[PDB]
Amino acid sequence: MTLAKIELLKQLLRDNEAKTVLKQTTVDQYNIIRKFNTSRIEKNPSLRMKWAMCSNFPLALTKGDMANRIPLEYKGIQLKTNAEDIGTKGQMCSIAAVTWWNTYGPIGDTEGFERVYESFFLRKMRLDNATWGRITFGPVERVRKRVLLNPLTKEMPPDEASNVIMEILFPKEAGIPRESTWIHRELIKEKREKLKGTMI
Amino acid sequence: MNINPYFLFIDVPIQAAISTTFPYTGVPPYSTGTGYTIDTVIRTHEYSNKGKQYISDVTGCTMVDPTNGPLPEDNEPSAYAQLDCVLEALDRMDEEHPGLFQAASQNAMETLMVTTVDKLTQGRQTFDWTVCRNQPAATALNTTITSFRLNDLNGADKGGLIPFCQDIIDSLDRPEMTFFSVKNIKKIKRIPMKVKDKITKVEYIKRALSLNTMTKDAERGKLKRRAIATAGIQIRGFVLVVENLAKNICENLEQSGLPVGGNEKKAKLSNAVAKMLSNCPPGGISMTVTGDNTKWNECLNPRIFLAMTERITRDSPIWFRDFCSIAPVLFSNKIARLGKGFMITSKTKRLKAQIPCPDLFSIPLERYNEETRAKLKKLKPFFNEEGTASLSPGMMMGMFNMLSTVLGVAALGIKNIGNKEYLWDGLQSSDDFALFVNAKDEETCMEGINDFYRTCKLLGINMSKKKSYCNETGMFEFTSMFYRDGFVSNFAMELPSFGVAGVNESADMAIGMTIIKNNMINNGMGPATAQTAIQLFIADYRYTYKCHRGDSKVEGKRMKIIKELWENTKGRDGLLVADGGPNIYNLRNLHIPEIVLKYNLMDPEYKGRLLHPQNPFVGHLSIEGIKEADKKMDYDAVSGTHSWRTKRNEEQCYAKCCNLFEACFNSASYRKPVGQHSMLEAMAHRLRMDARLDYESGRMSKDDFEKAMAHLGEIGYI
Amino acid sequence: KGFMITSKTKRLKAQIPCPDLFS
Amino acid sequence: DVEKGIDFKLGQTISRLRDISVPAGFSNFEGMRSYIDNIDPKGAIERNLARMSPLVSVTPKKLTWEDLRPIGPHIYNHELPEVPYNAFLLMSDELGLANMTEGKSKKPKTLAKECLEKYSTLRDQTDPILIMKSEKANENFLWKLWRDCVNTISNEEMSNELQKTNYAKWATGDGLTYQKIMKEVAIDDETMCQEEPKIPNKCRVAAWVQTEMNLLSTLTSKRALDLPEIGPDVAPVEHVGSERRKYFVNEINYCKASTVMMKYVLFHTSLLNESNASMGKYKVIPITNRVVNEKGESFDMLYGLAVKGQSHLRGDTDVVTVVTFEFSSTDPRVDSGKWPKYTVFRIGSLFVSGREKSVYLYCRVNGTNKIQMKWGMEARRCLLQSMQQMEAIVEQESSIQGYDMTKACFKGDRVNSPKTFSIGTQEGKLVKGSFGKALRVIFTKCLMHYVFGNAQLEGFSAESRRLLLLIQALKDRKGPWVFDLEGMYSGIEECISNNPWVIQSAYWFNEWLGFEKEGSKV
Amino acid sequence: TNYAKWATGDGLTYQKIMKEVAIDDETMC
C-alpha cells in the first residue's frame, strides 16, 4: 500500500496544481485545504434515504477483496456490481449483501468489544443492577442546573483530552510530551493496554 | 348532536391545550420570488422616503438616509432614528454595567486575531459573484480565493482572517478584476468550461455589495411569504466579527434572550417574571406586554449600527475600530438582486415566457398586472440598469441578529422617562420582545407602555400594535413559549422530528431514540407518549429500510434474506430491528445503543459476523459524521455492518491532496496537524520512513523498495 | 381521407377517417 | 517587531464608502468618530420626546367581552357558494372492497386484482350511468381511463403501468400545457401579457364538514391502526406508561378517523414509492388499506384506483398529476353542493348483509408534490398530538390525588366518577362527552388540521391564537388591554376564503365565543 | 432562425392528435 501511496502521490504531483499547492501550504494550513468541500448537503435526508433504499445498489462499498466472499448475485438476488464509481471510486452494493453478511461470511473477533466500548457496557451495567421503587405522583419541584449528562472516567479539559487521546492511540507524532501525560500516566497505560489487540 | 373541538377549551385552559391549536402536522406552505423581493424593497424605501435622498458617487446607485431624519408624526413604521438618542441609550447601558463594552470588544478582538479564514466556510448558502448565483459557502469561498490569486491578492494562504479582510478591502480598488466564469459551450451538448473573464471596478463594487434573494418557503405559521437574503463572501468576515462582538455584549445582559437556547431560556423567562413580581410596590400593578415586533429589519438603518459599533469600541486600537466598522458601511450601501423576473403569457396562442429582471422595464408597463404595474412604477427610481434595486436603508432578515437584540436591550434598559412613577424591564430576542411595566395603577402602566413605545420609535424599532397585547403579569408568551401561573408549557412543536435521520440504520436509530429521550426530558412528553413515539418510530424505521420481523409474511428483496437469517440463527432475541429482530427498547434504556443492549442475547456467530473488525460496508472516510448528526447533535452508535454510507448525488486538487494527506498521516483526520513546512516534504519523509519500515519488516520486496525510492528521488526528497 | 375537426382554444386538430364519419 | 502592532488600514474606495455612509448632518467619518467619542448626551431622549408629535401612541384600550365579535361573518352570508370538497381522498364516503385474507402481505396490484375478482359485477361493469359531469372534465376521457385502469389491474402480467400510454396523456391533461419561448419574442409581441393573480373564492359554511367531523369520530367494529411491539417493561414507570398506552389505543384504534389516516399514509407511501421507482411512465396505484376486525380476520380493503402521471421532476416543489377513482355508496344528488369538483358514475350495487345499496365511482383529477407526498407518510404524528395533551390531562388529575387515575378518567372507579368534557351541542344545549370521545375529537381535529392544511390554515391558526389567548386572559380576569383590535380581526379574517376546515373552525369559534359570553355572567 | 419561427407564424400551428382522443373530445369540431 505504501507503494500504492507513492504511485498515487507521483500521479497527483504530475499535475502542476498539486505541485504548487503542496509546496505552498504548510502543514498547519492543511486544515483550511480540507474544508474546501462542495457542501452540497442533501436538502431533505428523509426523502433521499427513502429513495436510496429502493434503488438497486445504493450502498457505496469500498474497493477491496471482501467482495469476492459474496457473489454479485446470490440465490437469484442481485447484491453487488462491478461498475466503476466516481463519487467514491469504489463499488456499489445493496442491503441484501449486508443482510447476508449478518447471516453468513467471515467470523470476527469478539474480544475487542469487552473493553473498547467500556462506557456503553458500564451504562448497561448501571441500568441492569439498578433498583426501582415507588412512584410519587404529586408535583415535583425542579431547579435548572448545569449538570454533567454522562459520567466520565477522568474529567479533563478538551485540549488535554485530545493530547491524551493522541498519546494513547497514535504512538507516532508525539513530540515533546507536555505537562499533561505525567498527570494522566495511569489512564494512558490503562487505556493503552485495554485497546491493544484490536483492529477497529 | 354536532361535535365541536373548541369546546375542549371550556373544560381546559388554552395554555394546557395550546399544542392542539397549532397545525404543525400538515404540509408547510411552499412556493416567483421577484415579486416579493420588489415588494420588500418598495416597503423598505417607503418607510424612509422622507429621509435625505442622494446619489452615491462610488457606485452611482440612489441612497436614502433616514438617520437623524424628521421625527414621525404617525403610527406608521419609521426608520428615522436619532443618533443622539441611540448614543444616550448606549451610555446608559455602559453606566449600568462595569466596563462591559471594553471587555466584550477586547475579547472579540482576541478571538478575531485567532480566527482562521476557513471559519467562513460554515453557515448556509452564500452569494457568489463570479457566477452571480447562490453557492455553498465552502465553494463560494474557494472560488473567491482562486479569483483573488489572479489579481495580485493574497492573505488566504497567510491563514488568519485579518489578511483575508485586508486584501478583500484592497480588492475594491483594483482598476480591473479577473476571475474564472462558467462557460456552457455548445458542441448537441452543453459542456461547462472555465473562461478567464474580467470586470471593471464599478461592476465589481456592485457585485460585492449585491444581496441575493430567495423565498422563505420553509415558514410554518405565516400565510404571507417573506424573502430571505444571502450575502457574499466579502461581507461574511465583517458580519461575523460584529455578530461575535454583539453576542459577547448581549450574553452578559440579563435582558437578552439570545444566544441561550433550551431550558436556559425558560429559566431566564421565569426568573425575570419572578423578579418583576418581587419588585412591585405595595398594591401596585405589574403589567406584561406580549409584543411581537413587525418590520423589525425594514426600519433598522445600518448607519445606526455603525454608530453603535463605534461607541461600543470607545477604547480600543484604531485598527480594530476601523475593521469592525466595515460591516455597517457595506450594509449601508448594499444592493439587492431581484429573483428571476416575472412571467408573461398569451392564452390565445398557448405561449409563455419568463422575463429576466434586467428587462423589467424593456416592456410597456401596461402589460404587467395592475399590482406589478404599481410595483414597478414605484421601483423605477431605484432600479439599476443591470437588474438590481438600490436598497440602502433597512436590513434584510437574519444578518445582525445579535446587534439588533443589543439595540432592543438598550431600549429596554432605559427603565424610566421623566422620572415618572413607574419602571419597565423585559426580555428581547431577535424580533420578539416581552415587556414588564410596574406602577401604582393600570393608567400609569399604560403611560409607561406608551413612553416605551415612543422611545422605541426613536431608534427605528416599531412594535406591532396589531400582533401585540397587554395583560396582568403571570400570563404571556415569549418566542412561542407560554407562561401562565408559573406553568411554562414547552409548546409541543418538536413533533416533526421522529422521522428517520437518513444517515444510516444504526445512526438513524440512535438519533431517533436520543430525540425521544431529550423530548421526554425537556417538553414534558409523558411516558405513554414516549412509548407510542417509540412504536411509531420503529414502524417507520422498519418500513423505510425494508426490514420487518423475519416471522412476518411480508415480501421483499432483503426480507427473504431476513427470513433466512431468522431460522439460520438460534438466538432470536439478539437480532437488530434492521435484521428483523424484536424491538427491545423502552423508556428505561433509551440512553443505551441497542448493539450493546443486545450483545448478551446475540449468538457467537452472529456477533462475529456483524461486529467484524473489517467490514466492506464500513469505511474510514465514512466516519466524518460519527460525532454530530446534522444543528450538530451528538449521538452514540457502534461500529458494525450497519454503519454504512449512502451513494453520492481546484476541486479535485484540494480534495485529493487532503485525502492523501489523511491516508498518510492517519492522525490528521482527528486533530489539527502542526508544522511549519510544506506538506510535500512531510509526506515524502513519512513515506520514506514507512517504506524502510515495511521492507525491514518483510512486508515489501526489494524491487518494491527500489521502485519506491526511485519515485521519491524523482519527487526530490531523498 | 374523411374530414378534419379542430379546437381553436386548445389549438388542436385531428382527422376523422371515412369509416368514422358517424361516430 | 512587537513594538509595531497589527496593521490594518482602509483603502480608498472603502474609505469613501465610509465617508458617504455617515448619518445625516455629518460630512466625514472622522467627524462622526470625534462626535461619538466626545459629545455626551444627558437627556437627548427626553428632548426628542418633548417635541415628538402627540399623535403617535400605542392607543391603549381595555378589552371587554363585548368588543370580541364573531370572526369572518361572510361565512354566514348565503349569497356565497357552499365550500367544496377539496381533500385528496374521500374520508367519510370511502367504500371498502373488503376481502378476507389469511394475513399474507401482497403487492398492491395483486391485492386490487383479487378484490375486483371477488366482485365480478363491478369489475366487468362497462356501461356507466353519468350522475354528474362537474364543469370541465370529459366523461369519455374519465370512463375510458377507468376502464384501462381496471383492465391493467386485472391483467395477468404483474406490471402495473397503463397499457395505453397515449389516451391517458389527454385524459390527465398533460398535453394541455403552454410552450415556452425565448424572452426576445415575448418582448416584441404585444399580446403576451401577465396572468392576473387568481384569488381564492369567498365561500360559505357547508354542511358536509360537520357530518364528516361527527362520523370520523365514532367507534367502528373495524380496526386498522397497528403498532410495533416494544421491549418488556420492568420499571413501575413504564408499567404505568403501558397501562395508559393500552387504554388510549383501545379507544383510538376503533375510530374511523384512524382508518382514514392509515389509508392516507399508505396511499402517500405507495405514491412516493411509485414516483421514485417510475419517473416518466403512467402508473396505476390502488388505494389500499388493511383492516383487522375484533375476531382477528385481516381483511384487505380496496378503496379505488389512481392513475399517476409523469413524475420526472428534479425539484421537489414541482407538481405531479394524479387522477383518483373512488368507490362510494353516496349518491351525490342528495347534496350536490359538496361535489362540484367530481365527475361520478353509478357502477352498480352491492349487498353488505342483505340491504342492497348502490355503488358509485367518484373520478377527479388532482395534483401533488414531493413535499405533501412525504408529509402524507408523516401524518401519523396526529396520533402523538392526540396522546400528549390527554397525557397531560391525566397527569394533572394524578397531581390532585396520589394514585393513578387512567382507569378513573376513562371508565371511572368507586371513588371518582368518569371524566366528562364538553364535546358538542344540540338545540342550543351543550352536551358532555366521555374521556374517550374527547380523545377521539382531538385526534380528528389533528387529522383535519393535516388534510385541510395549506397557507390559509396556518395564517388562520397562528393569528386566531391571539384571540384565544386574549379570551383565556379574560376568563382569568387579568383585564387584558389591546392596542388595535380591528387589526387582529382583519388579520384573522383575511384567511377564511375557501378552506373547508378554516370555515368550520371559524364557525365553531364563533359558537364557542357565544357560549363563553353567555356563561360569563357568573 | 428561432426568432423567424414566431415572426413568420410557422410556430403557431395546431397539434395533431390520435383519432381516439378527438372522437372522445366534444369540443373539437
# chains A, B, ... in the order shown; residues from 1 in each chain; ligands from 1
call {"tool": "interface_residues", "arguments": {"of": "chain C", "to": "chain E", "cutoff": "7 Å", "atoms": "only C-alpha atoms", "output": "PDB file with C-alpha atoms, in the first residue's frame"}}
result
ATOM      1  CA  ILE C   5     -62.009  18.676 -36.847  1.00  0.00           C
ATOM      2  CA  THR C   6     -60.251  21.283 -34.750  1.00  0.00           C
ATOM      3  CA  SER C   7     -60.435  23.021 -31.373  1.00  0.00           C
ATOM      4  CA  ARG C  11     -55.203  24.713 -30.841  1.00  0.00           C
ATOM      5  CA  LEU C  12     -55.604  21.046 -31.742  1.00  0.00           C
ATOM      6  CA  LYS C  13     -56.535  19.272 -34.969  1.00  0.00           C
ATOM      7  CA  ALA C  14     -57.475  15.701 -35.822  1.00  0.00           C
ATOM      8  CA  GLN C  15     -58.544  13.786 -38.922  1.00  0.00           C
ATOM      9  CA  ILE C  16     -61.772  11.773 -38.772  1.00  0.00           C
TER      10      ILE C  16
END
call {"tool": "closest_atom_pairs", "arguments": {"of": "chain D", "to": "chain E", "cutoff": "12 Å", "atoms": "only C-alpha atoms", "output": "CSV"}}
result
residue,atom,partner,partner_atom,distance
D:136,CA,E:27,CA,10.7
D:137,CA,E:25,CA,10.1
D:138,CA,E:25,CA,7.2
D:139,CA,E:24,CA,8.8
D:140,CA,E:24,CA,5.7
D:141,CA,E:24,CA,6.6
D:142,CA,E:24,CA,10.2
D:143,CA,E:24,CA,10.4
D:144,CA,E:24,CA,9.2
D:145,CA,E:21,CA,11.4
D:164,CA,E:20,CA,11.4
D:166,CA,E:18,CA,8.5
D:167,CA,E:21,CA,6.5
D:168,CA,E:21,CA,9.4
D:169,CA,E:21,CA,9.6
D:170,CA,E:21,CA,7.2
D:171,CA,E:21,CA,8.5
D:172,CA,E:21,CA,11.8
D:173,CA,E:21,CA,11.5
D:175,CA,E:15,CA,10.0
D:176,CA,E:15,CA,10.7
D:177,CA,E:15,CA,12.0
D:178,CA,E:12,CA,12.0
D:179,CA,E:11,CA,10.3
D:180,CA,E:11,CA,11.7
D:181,CA,E:6,CA,9.1
D:182,CA,E:3,CA,8.6
D:183,CA,E:3,CA,10.3
D:184,CA,E:3,CA,7.9
D:185,CA,E:3,CA,6.7
D:186,CA,E:6,CA,10.0
D:187,CA,E:3,CA,11.6
D:188,CA,E:7,CA,9.6
D:189,CA,E:7,CA,9.2
call {"tool": "closest_residue", "arguments": {"among": "B:631, B:349, B:375, B:612", "to": "chain C", "atoms": "only C-alpha atoms"}}
result
B:349
call {"tool": "select_by_dssp", "arguments": {"residues": "stretch 77-196 of chain A", "states": "helix (DSSP H, G or I)", "output": "PyMOL selection string"}}
result
chain A and resi 95-103+112-115+118-128+158-169+185-195
call {"tool": "residues_around", "arguments": {"residues": "stretch 405-416 of chain B", "least_positions_apart": "3", "cutoff": "7 Å", "atoms": "only C-alpha atoms", "output": "list in words"}}
result
residues 89, 90, 92, 93, 246, 250, 255, 256, 401, 402, 419, 420, 423, 424, 425, 426, 428, 429, 430 and 456 of chain B
call {"tool": "write_last_selection", "arguments": {"atoms": "C-alpha atoms", "output": "compact mmCIF listing (two decimals), in the first residue's frame"}}
result
# COMPACT_ATOMS: atom_id res chain seq x y z
CA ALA B 89 -29.15 54.52 25.37
CA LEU B 90 -25.67 53.09 24.82
CA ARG B 92 -26.96 54.31 29.97
CA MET B 93 -26.18 50.66 29.25
CA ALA B 246 -22.68 41.73 19.83
CA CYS B 250 -25.60 40.61 24.95
CA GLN B 255 -32.41 41.28 29.29
CA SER B 256 -31.20 39.33 26.23
CA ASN B 401 -29.49 39.33 14.98
CA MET B 402 -27.17 39.97 17.92
CA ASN B 419 -38.83 60.26 36.48
CA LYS B 420 -42.46 59.19 36.15
CA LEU B 423 -40.45 51.36 35.78
CA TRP B 424 -40.03 48.84 32.98
CA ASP B 425 -37.80 45.93 32.04
CA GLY B 426 -38.11 42.92 29.80
CA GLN B 428 -35.77 40.87 23.90
CA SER B 429 -34.61 38.37 21.28
CA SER B 430 -34.40 38.95 17.55
CA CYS B 456 -38.62 52.56 20.54
call {"tool": "atom_distance", "arguments": {"atom1": "atom CA of residue B:222", "atom2": "atom CA of residue B:394"}}
result
21.8 Å
call {"tool": "decode", "arguments": {"residues": "stretch 140-161 of chain A", "atoms": "N, CA, C and O atoms", "output": "compact mmCIF listing (two decimals), in the first residue's frame"}}
result
# COMPACT_ATOMS: atom_id res chain seq x y z
N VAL A 140 -43.63 17.91 41.57
CA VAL A 140 -42.20 17.85 41.84
C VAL A 140 -41.61 19.22 41.59
O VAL A 140 -41.82 19.81 40.52
N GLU A 141 -40.87 19.74 42.57
CA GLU A 141 -40.16 21.00 42.41
C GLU A 141 -38.82 20.72 41.74
O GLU A 141 -38.03 19.90 42.23
N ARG A 142 -38.56 21.39 40.62
CA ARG A 142 -37.35 21.18 39.84
C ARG A 142 -36.63 22.50 39.65
O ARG A 142 -37.25 23.54 39.44
N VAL A 143 -35.30 22.45 39.73
CA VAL A 143 -34.44 23.62 39.56
C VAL A 143 -33.58 23.40 38.33
O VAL A 143 -33.13 22.28 38.07
N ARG A 144 -33.37 24.46 37.57
CA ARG A 144 -32.50 24.40 36.40
C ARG A 144 -31.05 24.48 36.86
O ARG A 144 -30.66 25.45 37.53
N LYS A 145 -30.26 23.47 36.51
CA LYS A 145 -28.88 23.36 36.97
C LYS A 145 -27.98 22.93 35.83
O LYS A 145 -28.42 22.29 34.87
N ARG A 146 -26.70 23.30 35.94
CA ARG A 146 -25.68 22.86 35.00
C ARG A 146 -25.19 21.49 35.45
O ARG A 146 -24.45 21.38 36.43
N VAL A 147 -25.60 20.45 34.73
CA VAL A 147 -25.34 19.07 35.13
C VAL A 147 -24.54 18.38 34.04
O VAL A 147 -24.65 18.70 32.85
N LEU A 148 -23.73 17.41 34.46
CA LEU A 148 -22.95 16.58 33.55
C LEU A 148 -23.83 15.44 33.06
O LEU A 148 -24.30 14.62 33.85
N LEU A 149 -24.06 15.39 31.74
CA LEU A 149 -25.01 14.43 31.19
C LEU A 149 -24.55 13.00 31.41
O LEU A 149 -25.36 12.12 31.73
N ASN A 150 -23.25 12.73 31.25
CA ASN A 150 -22.76 11.36 31.33
C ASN A 150 -21.56 11.29 32.27
O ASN A 150 -20.75 12.22 32.32
N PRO A 151 -21.40 10.18 33.00
CA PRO A 151 -20.21 10.03 33.85
C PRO A 151 -18.95 9.95 33.02
O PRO A 151 -18.95 9.48 31.87
N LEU A 152 -17.85 10.40 33.61
CA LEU A 152 -16.55 10.44 32.95
C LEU A 152 -15.53 9.67 33.77
O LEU A 152 -15.52 9.75 35.01
N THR A 153 -14.68 8.91 33.08
CA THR A 153 -13.62 8.19 33.78
C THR A 153 -12.68 9.15 34.49
O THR A 153 -12.32 8.94 35.65
N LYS A 154 -12.27 10.22 33.80
CA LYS A 154 -11.40 11.22 34.41
C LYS A 154 -11.62 12.52 33.63
O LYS A 154 -11.11 12.67 32.52
N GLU A 155 -12.38 13.44 34.22
CA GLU A 155 -12.72 14.68 33.54
C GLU A 155 -11.47 15.53 33.32
O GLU A 155 -10.69 15.75 34.26
N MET A 156 -11.28 16.00 32.10
CA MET A 156 -10.14 16.83 31.74
C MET A 156 -10.59 17.84 30.70
O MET A 156 -11.60 17.63 30.02
N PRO A 157 -9.87 18.95 30.55
CA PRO A 157 -10.24 19.95 29.55
C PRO A 157 -10.05 19.42 28.14
O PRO A 157 -9.28 18.47 27.93
N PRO A 158 -10.72 20.01 27.15
CA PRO A 158 -10.68 19.42 25.79
C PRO A 158 -9.28 19.26 25.23
O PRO A 158 -9.00 18.24 24.58
N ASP A 159 -8.39 20.24 25.43
CA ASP A 159 -7.05 20.14 24.85
C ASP A 159 -6.27 18.99 25.47
O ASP A 159 -5.61 18.22 24.77
N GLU A 160 -6.33 18.86 26.80
CA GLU A 160 -5.68 17.74 27.46
C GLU A 160 -6.28 16.42 27.00
O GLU A 160 -5.57 15.43 26.83
N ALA A 161 -7.60 16.40 26.78
CA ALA A 161 -8.24 15.19 26.29
C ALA A 161 -7.69 14.80 24.92
O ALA A 161 -7.37 13.63 24.68
